[PDB]
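Visitor: Before we start, here is the structure in question, set down as structure tokens.
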Amino acid sequence: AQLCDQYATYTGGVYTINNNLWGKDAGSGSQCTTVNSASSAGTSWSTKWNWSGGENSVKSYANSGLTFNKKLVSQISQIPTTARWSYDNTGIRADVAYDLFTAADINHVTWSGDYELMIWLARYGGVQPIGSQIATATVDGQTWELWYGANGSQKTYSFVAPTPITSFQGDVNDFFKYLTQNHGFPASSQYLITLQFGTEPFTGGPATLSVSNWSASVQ
Ligand SMILES: C[As](C)(=O)[O-]
Ligand SMILES: C[As](C)(=O)[O-]
Ligand SMILES: [Zn+2]
Ligand SMILES: [Zn+2]
Ligand SMILES: [Zn+2]
Ligand SMILES: [Zn+2]
Ligand SMILES: [Zn+2]
């Protein structure tokens, strides 16, 4: 079965695939996510959507999320991850992104945090992260735009690739180390509680994100 409903979900091994149409009331449209495979090594899935209205509101974040042992960011050694994906229609206003949450309480709900770390592998149509650009950051020898904004109790750092990274390999912990070292991130008192990869559509379509593989571990 496709996952078409707002919070339709599938779990396989340590990967959970969510349609997660959290912003569906902000516009008009539809979106269904298909799971291809999910094992202990990785997952493959796709999502297809069309959205209009609410030009600057995210409509959804269909994603694959990892089940892992939650732990303080200061005790993470590495978060090796790969993401191989493509969009068929790039004439859209959307991002492709990792989404991570941390909190001071390990038992915080997993859909929000004290902090949110996003890693945008792609930006289409000029859509912008939460907040404003505060820096240009070098991480693992690649340059990223670094944005910061806050909404209520949630503070969001977003690292943005200058060109789409359709075959990503990296260590997400490099980004936490960057924030710890350069932006006073409180690593020794924040637990990593969520690690996801997916796409945020604003407008456009029909368009399909095909994720040929996503793999992650928190070690
Ligand atoms: C130095 As700042 C813009 O991260 O307070
Ligand atoms: C040292 As700073 C908190 O202004 O990134
Ligand atoms: Zn239904
Ligand atoms: Zn909170
Ligand atoms: Zn808190
Ligand atoms: Zn707080
Ligand atoms: Zn700072």
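Residues are named by chain letter and number: chains run A, B, ... in the order of the structure tokens, numbers start at 1 in each chain, and ligands are numbered from 1 in the order shown.
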From a DSSP calculation on the backbone, collect every residue of range 116-183 of chain A in strand (DSSP E or B) and output the set as a count of residues only.
Guide: 39
Visitor: So that I can see what lies close to range 127-139 of chain A, please list as a list in words the residues with an atom at most 7 Å from it, counting only C-alpha atoms and leaving out residues fewer than 5 positions away in the same chain.
Guide: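 Close residues of range 127-139 of chain A: residues 93, 94, 144, 145, 146, 147, 148, 149, 150, 158, 174 and 175 of chain A.
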Visitor: Write the residues you've just listed into a file as an mmCIF file, in the first residue's frame, and include N, CA, C and O atoms for each of them.
Guide:
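Now in part-v9.cif:
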```cif
data_model
loop_
_atom_site.group_PDB
_atom_site.id
_atom_site.type_symbol
_atom_site.label_atom_id
_atom_site.label_comp_id
_atom_site.auth_asym_id
_atom_site.auth_seq_id
_atom_site.Cartn_x
_atom_site.Cartn_y
_atom_site.Cartn_z
ATOM 1 N N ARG A 93 9.140 24.414 -5.777
ATOM 2 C CA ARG A 93 9.649 25.140 -4.619
ATOM 3 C C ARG A 93 9.645 24.149 -3.442
ATOM 4 O O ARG A 93 8.584 23.790 -2.940
ATOM 5 N N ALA A 94 10.816 23.596 -3.171
ATOM 6 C CA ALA A 94 10.963 22.481 -2.231
ATOM 7 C C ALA A 94 12.381 22.365 -1.768
ATOM 8 O O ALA A 94 13.285 22.868 -2.401
ATOM 9 N N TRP A 144 28.836 25.380 3.302
ATOM 10 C CA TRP A 144 27.399 25.376 3.511
ATOM 11 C C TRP A 144 27.009 26.752 3.942
ATOM 12 O O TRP A 144 27.737 27.333 4.736
ATOM 13 N N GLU A 145 25.832 27.224 3.542
ATOM 14 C CA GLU A 145 25.211 28.366 4.188
ATOM 15 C C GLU A 145 24.719 27.921 5.558
ATOM 16 O O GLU A 145 24.194 26.812 5.665
ATOM 17 N N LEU A 146 24.900 28.743 6.584
ATOM 18 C CA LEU A 146 24.390 28.441 7.931
ATOM 19 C C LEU A 146 23.327 29.441 8.329
ATOM 20 O O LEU A 146 23.588 30.647 8.414
ATOM 21 N N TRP A 147 22.112 28.952 8.510
ATOM 22 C CA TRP A 147 20.973 29.757 8.888
ATOM 23 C C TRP A 147 20.583 29.448 10.320
ATOM 24 O O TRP A 147 20.798 28.329 10.803
ATOM 25 N N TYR A 148 20.008 30.453 10.989
ATOM 26 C CA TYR A 148 19.438 30.268 12.312
ATOM 27 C C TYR A 148 18.128 30.990 12.445
ATOM 28 O O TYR A 148 17.995 32.147 12.022
ATOM 29 N N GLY A 149 17.153 30.325 13.028
ATOM 30 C CA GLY A 149 15.920 30.960 13.476
ATOM 31 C C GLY A 149 15.319 30.215 14.645
ATOM 32 O O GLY A 149 15.638 29.075 14.873
ATOM 33 N N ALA A 150 14.352 30.816 15.323
ATOM 34 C CA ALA A 150 13.696 30.162 16.462
ATOM 35 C C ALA A 150 12.174 30.283 16.339
ATOM 36 O O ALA A 150 11.687 31.274 15.799
ATOM 37 N N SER A 158 20.171 25.581 10.226
ATOM 38 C CA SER A 158 20.047 24.888 8.929
ATOM 39 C C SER A 158 21.285 25.102 8.113
ATOM 40 O O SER A 158 21.679 26.244 7.872
ATOM 41 N N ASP A 174 29.685 15.760 12.252
ATOM 42 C CA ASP A 174 30.534 16.901 11.895
ATOM 43 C C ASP A 174 29.801 18.204 12.066
ATOM 44 O O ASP A 174 30.407 19.249 12.368
ATOM 45 N N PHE A 175 28.504 18.203 11.767
ATOM 46 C CA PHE A 175 27.672 19.395 11.943
ATOM 47 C C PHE A 175 27.434 19.749 13.404
ATOM 48 O O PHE A 175 27.433 20.928 13.750
#
```
Visitor: Residues within 8 Å of ligand 6 should be enumerated using only C-alpha atoms and all ligand atoms and returned as a PyMOL selection string.
Guide: chain A and resi 114+153-154
Visitor: Output the neighbourhood of ligand 7 as a ChimeraX atom specification, that is, all protein and nucleic acid residues with some atom at most 8 Å from the ligand, counting only C-alpha atoms and all ligand atoms.
Guide: /A:134,179,182-184
Visitor: Those same residues - C-alpha atoms - I'd like them written as a tab-separated table (two decimals), in the first residue's frame.
Guide:
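Result file again10.tsv:
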```tsv
chain	number	residue	atom	x	y	z
A	134	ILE	CA	24.28	33.93	9.97
A	179	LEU	CA	27.92	24.05	16.26
A	182	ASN	CA	31.64	27.70	16.87
A	183	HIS	CA	28.13	28.45	18.19
A	184	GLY	CA	28.19	27.33	21.80
```
Visitor: Could you make a table, as JSON lines, of the residues of chain A that have an atom within 9 Å of an atom of ligand 3, each with its nearest atom pair and distance in Å to one decimal, counting only C-alpha atoms and all ligand atoms, in chain and number order?
Guide:
```
{"residue": "A:3", "atom": "CA", "partner": "ligand 3", "partner_atom_place_in_ligand_line": "1 (Zn)", "distance": 8.2}
{"residue": "A:4", "atom": "CA", "partner": "ligand 3", "partner_atom_place_in_ligand_line": "1 (Zn)", "distance": 6.1}
{"residue": "A:5", "atom": "CA", "partner": "ligand 3", "partner_atom_place_in_ligand_line": "1 (Zn)", "distance": 4.8}
{"residue": "A:6", "atom": "CA", "partner": "ligand 3", "partner_atom_place_in_ligand_line": "1 (Zn)", "distance": 8.2}
{"residue": "A:8", "atom": "CA", "partner": "ligand 3", "partner_atom_place_in_ligand_line": "1 (Zn)", "distance": 8.3}
```
Visitor: Which residue is closest to residue 206 in chain A? Choose from A:81, A:39, A:57, A:89 and count only C-alpha atoms.
Guide: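 Residue with the minimum atom-to-atom distance to residue 206 in chain A: A:89.
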Visitor: Please provide as JSON, numbers by chain all residues within 9 Å of residue 51 in chain A, with the sequence filter that same-chain residues fewer than 4 positions apart are discarded (counting only C-alpha atoms).
Guide: {"A": [24, 27, 28, 29, 30, 31, 59, 201, 202, 203, 204, 205, 206]}
Visitor: Counting only C-alpha atoms and all ligand atoms, which protein, DNA or RNA residues come within 12 Å of ligand 4, given as a VMD selection string?
Guide: chain A and resid 101 to 116 151 to 155 190 193
Visitor: Could you tell me which of A:122, A:218, A:97, A:211 comes closest to residue 198 in chain A if we count only C-alpha atoms?
Guide: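 For residue 198 in chain A, the nearest of the given residues is A:97.
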Visitor: Select, from A:219, A:194, A:189, A:181, the residue with the minimum atom-to-atom distance to ligand 1, counting only C-alpha atoms and all ligand atoms.
Guide: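 Under the stated criterion, the closest residue is A:181.
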Visitor: Check the smallest atom-to-atom distance from each of A:157, A:191, A:214, A:168 to ligand 2 using only C-alpha atoms and all ligand atoms, then report the winner.
Guide: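 For ligand 2, the nearest of the given residues is A:157.
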Visitor: Which one is closest to ligand 1: A:90, A:210, A:163, A:180? Count only C-alpha atoms and all ligand atoms.
Guide: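 Smallest separation from ligand 1 among the options: A:180.
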Visitor: Do a neighbour search on residue 165 in chain A at 10 Å with only C-alpha atoms, toss out local chain neighbours closer than 3 positions, and write the hits as an MDAnalysis selection string.
Guide: chainID A and resid 83:86 96 120:123 161:162 168:169
